[PDB]
Every structure is written in C-alpha cells, then in structure tokens.
Amino acid sequence: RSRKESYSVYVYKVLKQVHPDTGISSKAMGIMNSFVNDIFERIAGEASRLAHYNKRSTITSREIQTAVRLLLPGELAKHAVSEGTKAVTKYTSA
Amino acid sequence: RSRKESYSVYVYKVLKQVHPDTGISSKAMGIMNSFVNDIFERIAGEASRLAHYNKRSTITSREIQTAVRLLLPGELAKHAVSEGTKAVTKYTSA
Amino acid sequence: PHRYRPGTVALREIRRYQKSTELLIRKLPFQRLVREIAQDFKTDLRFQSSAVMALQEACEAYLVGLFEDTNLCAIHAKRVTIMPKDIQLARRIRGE
Amino acid sequence: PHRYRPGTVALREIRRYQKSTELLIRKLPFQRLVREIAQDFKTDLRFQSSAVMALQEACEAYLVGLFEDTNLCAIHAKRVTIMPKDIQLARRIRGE
Amino acid sequence: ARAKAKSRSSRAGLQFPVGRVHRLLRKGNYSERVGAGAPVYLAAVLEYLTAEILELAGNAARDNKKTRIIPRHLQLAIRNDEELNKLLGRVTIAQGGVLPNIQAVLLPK
Amino acid sequence: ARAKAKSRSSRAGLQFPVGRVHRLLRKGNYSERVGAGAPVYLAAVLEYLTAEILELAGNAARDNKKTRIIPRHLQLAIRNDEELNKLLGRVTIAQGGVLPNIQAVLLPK
Amino acid sequence: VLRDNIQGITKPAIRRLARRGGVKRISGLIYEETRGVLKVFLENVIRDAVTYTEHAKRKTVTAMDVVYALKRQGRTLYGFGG
Amino acid sequence: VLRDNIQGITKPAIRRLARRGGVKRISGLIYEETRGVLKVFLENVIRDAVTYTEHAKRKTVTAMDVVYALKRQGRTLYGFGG
DNA sequence: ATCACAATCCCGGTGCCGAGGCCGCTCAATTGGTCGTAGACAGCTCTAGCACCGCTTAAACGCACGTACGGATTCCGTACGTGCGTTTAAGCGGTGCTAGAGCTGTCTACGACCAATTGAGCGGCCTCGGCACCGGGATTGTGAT
DNA sequence: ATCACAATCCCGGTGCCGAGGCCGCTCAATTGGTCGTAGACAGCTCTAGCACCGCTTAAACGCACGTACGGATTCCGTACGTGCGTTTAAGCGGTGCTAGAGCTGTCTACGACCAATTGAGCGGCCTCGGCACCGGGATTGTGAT
C-alpha cells in the first residue's frame, strides 16, 4: 500500500498554538483535512483563471492575493491578505 | 490589433444544413459563440478532473464521453454520445 | 366617461411586457447609479459603454426573476398583492 | 391518567433532535433502498460500507434542510402544519 | 512529394474544426497530454448541440413569420424545451425576454 | 561543503508546509509556471483560516465542557460565525447536526 | 431483485427528520410526498456515482465516487475524504 | 461626487419589471424594498468587476470584467463576449 | 343579449441599415520522420464485501380518545388602480479634449532542470486518560384544582 | 397560587476505546550551478471615454375617485397528537467464501517535437433585401344598458 499524505500534523501544530490544552478527535481531523483541500482548490482554480484572462503563463503572489479577495468575504479577506503579505515579506528578507 | 477568432463560420454552416433559407442576426451569432465556449469549458473541465481522479496524464475520448454523460441531461446525453462515437469511428477508418 | 375596472389594465400590461424584450429602466439614471456605487471601491474609474449595458441586462433579469418567485409566495398566502414579506421569503429560500 | 396537551411532546422532540447528531433513518432499510435504485444503472454492483454511510449523511442533511424551508412556507400562510403544497413551493423557489 | 493536406474535420465528417479544438485543449492547462480522438469527440458533441438549438430557434422564427433568427427566438427555443432549459438553467440571454405566463388565479372570473 | 538546509516554511514563519504546497501547485495543471512567492502566500492563507476555525471550535468545546474537539463543535463554530457561514455555505459537515432554532410562532402562548 | 424498499423509510423516521428541521405539526399526506422527493434525490446522486465507478473500470462504488458526485451537484460533503 | 441616485429607479420602472414578472397588484411598500435589493445585487457584482480591473492594472471597467464577475457569482450572461 | 368604445392585429407602401457575399493575405493546420513514455496487460496477493445464522430487545404499527387547528363565511374600511393635467429630464446629435490601452523592441530578474543529500512525515505499536454508561438525587416546567 | 407529576439535568464511580506519544526509514524537500525566456519598462499611436450645449417630446409626478382586496371575527368539524399493547425486524456477533482491487514488470501503441508548406479563416468593402415605420381598416374583447 502506497503512503497517504494529509495536513494532520500541521493542523495539530496550529491547534496547540491557539488552544494548548485542547485535543481533537480523528473524525474532526478528517473534517479539517477536507476543509484545507477544499479551500486550496478554490484559490488555485481562481488564480489559474486569472492568469488565463490576462494572458500570463505564471501564477504569482499577485494572482493568489486577487483570488483571495474574490473568494473570501469581508473581514476574513482583509486579515488573510495581511497574513499572506507579511509571510512573503519575511520570506524575502531571509 | 491582433486577429480575433470565433465559431461564427462553423455555426453558419450548421444553420444552412438544418434551415437552408434562414439567416441569423449579429447579436444572435454572439449568443451562439458564447454558448459554444461555455459548453467547451464545462466538458474540458470535467474531463480534466476525471483524469486527475484516476491518476492519468492524458485526456482521451473515454474522458470526453464520461464528461458528456455527467453534464448533459437524459436524451441529450444519449444522442451526443452516439454522434461522438460515430465521428471517432469514421475518423479512425480514414 | 369610459373607465376600465381595476386589474383590467394591469393584465393588459402583463401581456404587453412579456412579449417584448426592451430594457425597462431608463438608461441615464441607471448609469449614474453604477458610477455612484463604484466610487466606494476605486476613485476616478472609467466605464466602457458595453460594461454598463451588461450590468443593466443582468440587473433587470435578476429583478424579473425575483418578482416571479415573489408572486408565487403571495398566491401561496391566498393573496393577489405582493408585499415586502413575500420578497423576504423568496430571498431566504433562494439563499440570498 | 396524566396526558400532555397536543404540541407539548412535539416541542420536546424538537429540542431533543436539534441538540443531537445521530442519523434518524434505520441503517439496514436505507441500504436496501440504495441497492434497489442502483440496479437500474448497473447490475451486480458492490458498495463500500463508507459509500452507503456517505449517501445517508447527505440524504438526511438534504431532507432536514428541506423541512426548515417547508416550515417557513407554512408559517407564511399563517399555518403551523406543513402540507404537500409547502414542500412544492420550497422546491420550486430553490430551482429543483 | 508529400500528399495533399486534407482536414481532420473532413476525415471525421464534421463541420466544426477539429484542429482548432485540439489546440484549445492543449493550451487550456487541462492535462499534460491530449489524445487524438478527444478533439474529434468534442467537436462532434459541440456541433450536435449547436444543431439542436438552431433547429428549434429556426422553427420559432418561422412561427413569428421572420426570416432571421434573433436573440428572442433563441430564448423561446431554449425555455420551451425541457432538456435545453435544464442545460442552460443558470444562463441569461441578453435581449431574450421571458416566456408568456400568467398565473391562472389572476385571470378574470 | 554546502550550507545546512532550512525549510521554506521556517523562512516564512509558518506552520503549514511551503514546499508541499509548491509541489501541489505544479502538478495540479493550474499554469505552466509557478512563482516563488505563490506557495508562501497560499500556505499563510490556509494557516490563517485553519486557526480561525480551531479557535472558535475550541471555545465551543469548552462551552460544552469537553477537552476534545468533535465534528459537532466545528459545526457550531461555523454556523454561529457569519463570515465562515458564508464561506462554507454549501458544505455538509458529517455528524454535525443543526443549530437549535425554534420559530417563535410555534412556542406556547 | 429488490422491490418496494421505499416503504422502509417509515413514518416515525420522517417525523424525526421534520423535528430536527423545527416542524411542530405534520399533515398526513407529507409522508408519501417526502418518499418521492428522497427517491428523486437518491437517483440523481447514485447515477453520477456509478458513472465515476464505470469510468474507473471498477465494480465497487467507493466513498470517493459518492463525494465526487455530491460535489458536482453543489452539495459538498466533509468527512469521507473530500 | 454623485449622491442619491437610487431614487432614479422610479416607481413606474419597478412596476414595469413586476409586470414582466407576471405581477397583477403591488403594495405601496414594494418600491423601497426593491431599491434595497437592487443596491445589494449591484454592490456585489461591481466589487468583483473592479477587482478584475485592478488586477489587470487598468483604469477602465470593461464588459469582460462584468461577464467574469457575473459568471463567478453563478449568473452566466450570454451576449457580451462570454 | 346588445350597443358603444378603446386597444390591438393586420395589410400595404417604402425607406434604411444590416446581413450576406466577395477578395487579399497571413497565420496556423497538416504531413512526414524521430523518439520518449504512458498505459495495457498477464499474473499474484490479500482484503474487504457478501451471504448466512442466531439472538435480543428497540422500534414500528394499529387503535381509541379528544383537542385545537384549518377552512368557510361575513363584514368593513383601507389602500391601490385608473385616468388626467402639468412639469421635468432622458435621449439624441454634434464637438472638443485627452486619458489610457494596445503594440514594439530590449533587457534582466526569475523560474525550470538536474544531481546529491539529509531530514521530515508516515506507518506501526504502546499505553494514559477523556468520554460513555449506569445509578441516584435534585430541579423544573406542565397540567389539572 | 398550589400540588402531584413526568422529564430532564447534574453528580459520582468504573471500564474502555481512542487519542497522544515514540521509532525508523524512506521518500521528498533543499542546495547549488546553468540556462532560457516571461515579463517589466520606456515610448508611441490612436481609440474611445468624458464633459458640454441645445432641443424634443416621452415619461414621471401629483391628485381625485371609487372599487375590491386584505384583514378581523366567528364557528365548526375534520384531522392529527398522545398514549398503550403487541408484533415485527433492526442491530450485533461470528463465520465462511470469493470477487475484485491494488500492486509488478514489460513491451508496444501512441503522443510530443520540429521543419516547410499551403489552404483555411479573418479583416475590409459593397450592395441586396429583410425589417422597421407610418397610415388606415377590421376586428375583439370590455363595460354599462
């Protein structure tokens, strides 16, 4: 049987940051893994169409940011843009 | 300005087959061009996901046929499958 | 003086506007509304003429679609008059 | 002998089933229904156990969702009893 | 020295362009590879659906006593056919209008 | 002779995997090329949305006097938050249940 | 050959679903109407799920076939792998 | 700086739209309710259309920007290029 | 029934602009040869899906009683439909200004590619502990007095 | 109000299944050098978007009259809710069989790649003819007699 990949080790690391004394069941972990895969394809699909509309062959951080503004509502989109911009700036500096 | 492509020359040839003494306005030709582009991306998108689900790198006639069965309702799907199968058979023979 | 009974002209108007395809909102006040709304997203925007027309064709189609769902809600309550609670019920069931 | 008034037990049942998450259709007759329907598309089909369970979770969620829209239609007609015309109105507005 | 070219559309007996459809499949980032039979099948399906709409729209134009198909005729063709209405259920036809329909309880008694 | 490897996630200050997200972007047939900043931005957005749900779900578990988050807690977190309810509007959470809600006209007089 | 299994969706089962939906009072004609609506919903999902199964040259409907069929109908389901 | 243009959507204009929808009789409170619903619909479409415009580094909203914005909201429009 | 009347379909003449046909050209589809590799296929393994049996109570079903909800009727008064006179502003045609979008050529930063290398993530075990079950006490809201 | 009562919440003690923690190994992420091209940039053209002026009626607005529709009330009988005894059958645990899905190695059919070439398709003009506009003629359905 081939190896199966998932986001469970990363979801658990985020959970320990926000709630250090709280666990999660295996069924709820399955919910979170499907949520991450769902949001990933939504963003990547919209970013793919944006590059196609503008006759570009590269998906950049500009296409990801526009796709986030199209897909997320209101205050969720504003904070997500701030988190993405901060991470790219820190990655660029070193 | 770069050249613009459309399906209008092919839509007109189909119209002359089914209604030899009937014309079409430029606005209605714009409707038909958007309809063909809409159905194209619907079929090609579903065929793309079908190949991804089954870990294939090639879109073949089998993926197009399954995508047609998923997308078209009832008797439209049955006749469209017959038209596609007949055209592939005649293309194969010569 | 001749007078039509209430509802006779309204049924005539339904038969007038269902066989025709022209836009029913005046073009210049719709264009002013679009430009007003767009000011809150980006200042000094320009619009292609066909972009405003596409917005109007979509908006009239949405409103006509909502009024037929609204009319079914009023008839369900044994009424022939559409009311704001009919619009609110239709939008709730649609998920808007 | 003690008797609760009509509607008292029904309100108790609403509070019971809205606070819990178990499936409300018995598992074995639902499985027979799925296999019956699938016979018209392909003979001698097999089903994974989790495939039938995914179908049941989707079906119960769809029906619960339809019943809340149905309840809004009945209340709109100044009724507390849901009727087949309430289901038909909700499905029409949804586009089903 | 080479044989004279003869189109893939004429090989398949189609009016829609097989070679153009194959190019659009290749550049659309749909998959790494595109088989030879796939644009033949797609072109045949698109040609079939076009012929069904134009047949019903031409009949609507003749019923309106008109020579030329206009967007009103396309809307009447689609909304009066159950399968096409399901296919294009979330589509707005510009300058298409609506079907004539008055609820029976609104008629005079 | 070469420097010791340090992960792209740690370079960006993230918990979600930048290198894995970059691989999934390349093999998903989204575009011909993928820029360097794109998986960093996408991983940061996915991490942010995960932290928002887990914060609200952990609060629901504490309100139910439980240590472990279960699918009921995720459903209560999503449906009680307006923006998340909009984002996951067409999503069914298995074993999630519904929100307690009784229409006021059905209450006893 | 199975037959008449739609009556296994009993009247108390339909009532329990209505209670979760917040319904207080139910007319007697609801139960046959609900069985028709469920059969229409199930036929549409299962037809697409079997289509995914036949394309894979499989004889067993998997949970992933159901998840893909629900997703393409706009009814995304979390908890079974997608 | 434009202001109060929602009242340009007049009562006779709203009535004509209701007539095409098959409506026979209209209460007097419908007109303010319709103006609110139209404003909500227009704000949602225009926000996405300007987002496509800003991504392209343009200062002019095109018809294709509107067509893409309508398509992603599940309301596909034929007749303007898409 | 019947007569007056307002709105609408229909027929005809005719001007007008929109669609269909035709021509230059240039770009992309086709043909031929070469090679890389994705996939079909024959076979093996192993795992979970199906069919059967035997209990064990949980749930469903039919039935009686009685409450209260849905529907039919009546009345009224309130709010819209219809029509008319007056005012306003939308639509159209022309006319400047100029902002900006598309195109051209060049150059440079960025992204693919490929070979080693090591470390991060997954499958497999082990075992604390959070949750479920069951029994008992205290509320707690319902219903008749 | 008040009292009896049925349902539910809460507290506590055990058992147990499930989650968290740990190991090793192998697959995939990282590093470094190389090259190739996609995209940024400066400039130019020229297209169409914006702002303004002057009419010309089409459309909107306010107002009066009165029709008929929505809402409130009453009454009743029809349909459902509640509760109870009895029967049906779902859920569970174990046990064979075996159908079929996943995995391995190999070879071939098929699809990518590339260079010329020609023919198909698009942009630009020209002109028939289908459609639109206007002006009666005859219905055709509405409303009071």
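Only heavy atoms go into these numbers, but all of them, side chains included; no hydrogens, no water, no symmetry mates. Here is the naming used below: chain letters follow the sequence lines, and residue numbers restart at 1 for every chain.
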Item to complete: Grab the two heavy atoms, one from F:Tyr30 and one from F:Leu24, that are nearest each other, plus how far apart they are.
Response: CE1-O, 3.9 Å
Does [N] have OP1 or OP2 sitting under 4.0 Å from an N or O in the side chain of [X]?
X       : N       : result
G:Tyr31 : J:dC80  : no
C:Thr81 : J:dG70  : yes
B:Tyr10 : J:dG121 : yes
D:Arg46 : I:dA51  : no
E:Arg23 : I:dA29  : yes
F:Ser7  : J:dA29  : no
C:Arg5  : J:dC69  : no
H:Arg15 : I:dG81  : yes

Discussion item. Regarding H:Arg16, tell me which of base, sugar-phosphate or nothing describes its non-hydrogen contacts under 4.0 Å with the strands shown.
Written reply: sugar-phosphate
Discussion item. Using a heavy-atom cut-off of 4.0 Å across all strands, would you classify E:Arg2 as base, sugar-phosphate, or nothing?
Written reply: base
Item to complete: Pick out which of B:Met32, B:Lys13, B:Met29 makes a side chain to side chain contact (heavy atoms under 4.5 Å, CB included) with B:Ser8.
Response: B:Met29
Discussion item. Please give me every residue in residues 14-22 of chain F whose heavy atoms get under 4.0 Å of an atom in DNA chain J, ordered by residue number.
Written reply: F:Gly19, F:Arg20
Discussion item. Using a 6.0 Å distance limit plus a 45 degree cone around the ring axis, check whether F:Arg20 lies over the aromatic ring of A:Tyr10.
Written reply: no
Any donor-acceptor N or O pair under 3.5 Å, side chains [X], [Y]:
X       : Y       : result
D:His76 : C:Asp86 : yes
G:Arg58 : G:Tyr52 : no
F:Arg8  : F:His22 : yes

Discussion item. From C-beta outward on D:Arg26, which listed nucleotide comes closest to its side chain: J:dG81, I:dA60, J:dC131?
Written reply: I:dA60
